[PDB]
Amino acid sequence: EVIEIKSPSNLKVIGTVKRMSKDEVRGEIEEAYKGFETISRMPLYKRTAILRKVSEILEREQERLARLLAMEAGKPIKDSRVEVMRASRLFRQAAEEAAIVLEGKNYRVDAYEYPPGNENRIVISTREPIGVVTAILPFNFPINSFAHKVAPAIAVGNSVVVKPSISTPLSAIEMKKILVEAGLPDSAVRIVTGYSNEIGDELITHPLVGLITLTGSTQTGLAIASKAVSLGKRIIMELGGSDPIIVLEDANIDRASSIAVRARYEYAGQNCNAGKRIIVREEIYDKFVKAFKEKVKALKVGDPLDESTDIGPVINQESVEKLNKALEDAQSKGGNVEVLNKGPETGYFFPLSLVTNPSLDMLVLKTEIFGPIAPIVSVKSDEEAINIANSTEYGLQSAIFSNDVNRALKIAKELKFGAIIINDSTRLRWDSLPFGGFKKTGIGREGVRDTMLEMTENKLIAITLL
């Protein structure tokens, strides 16, 4: 009847959520449809007024929401603060950008001979809401993935059924209360909690669901997307990354090693755009690896509520097990695994780990490692840096470190990624800008402007003047 939510730090019970049946989730979708009929009939200015009010509340509750993220998600408080502050600015940017993002066209159809009589026509476009959006959240950004999916949906007039990860659902429940305090109709966003195997399918198959937006793994996402699309439903998918960091021989080693450490091990490596594969020109390999090792041993692994904590635990036992499979696989294939930093024995603390002499047939170079394992590969050439970088089924983001920007811009043309970052982190994202990638990183882009267009239908009106 309820599910217990435990801190991955100390396994203490943080709160509980309803264990929903298929039937109760069917009811939440029918209620979200009525919420669509309400919110879609409100003028845009009242909807953006609600979004600006949510923005201000999120700033006022920053510290409370950050502590909650630290407890359920194991995200160090300093990183938890940043996520809540991004969600605040995202809700505001959705308010601010709606007028221009949703703006239609008056087409110059007299430019075209077909159909005949275009000189007597007015043809305009508008962006219409789709209806009910199913939003399936990842565990790792429970407040900011909420904002990415819900802020745009409200701006355009859609309702949302939100299914947070059962690992981190309490954030989503507190976000709903903030939406109601901001003046959002109770029916316009419905939180559903439960096990994926009981409530997953109804959220994807119900005839009243117009669209499914999902952040999660490639395996889980592509199956769900396939089902959604089979019933004529629209899909936005932000799936895995194995983002490479390329360090060229003319790199600033101090900067590149500092940013690599932070990019790989922030939130114990549980980022879609963490620096997951490190590719270093042989000329600087030993200097880079020594600087990297020093910086990883200097991090504080411990309680995420502590101000001095750099790194917390991974989310659960399932993740610990997957990460051990990965370290075993790598030792069994000639990899040099080194444990660099160990946290308390209280929960799901995973040792900050380095793999040297990795090979392309290892789990650490061919799958998404959502944990604090840094594989570092030596290369001889830019060409070999490019091939190893592209050698994954992923294509989210990639970083190049070089004092030679002309050279980095030329390598960037040959990297198959949705973003290339020159002299900065794979972790960089702008919540208003396109985010996403090529290949199996997902489908569409997610960001306030692109999400609003992906969440609306273009509608033309053509008048023939008589």
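One-based numbering along the sequence shown.
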If you average the CA temperature factors over each stretch, which comes out higher, 95 to 103 or 374 to 382?
374 to 382
Please compare 389 to 397 with 152 to 160 and name the stretch with the higher mean C-alpha B-factor in the deposited structure.
389 to 397
If I read the C-alpha B-factors straight from the PDB entry, which of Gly74, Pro244, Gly334, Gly210 is highest?
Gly334
Highest recorded C-alpha temperature factor, please, choosing from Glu83, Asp110, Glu338, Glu174.
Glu338
How does the C-alpha B factor of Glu30 compare with the rest of the chain: lowest, middle or highest third?
highest
For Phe435, does the deposited CA B-factor place it in the lowest, middle or highest third of the chain?
middle
Tell me, lowest, middle or highest third: where does the Cα B factor of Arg449 rank within its chain?
lowest
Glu414: which third of its chain by C-alpha temperature factor?
middle
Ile57 CA temperature factor, ranked by third within the chain:
lowest
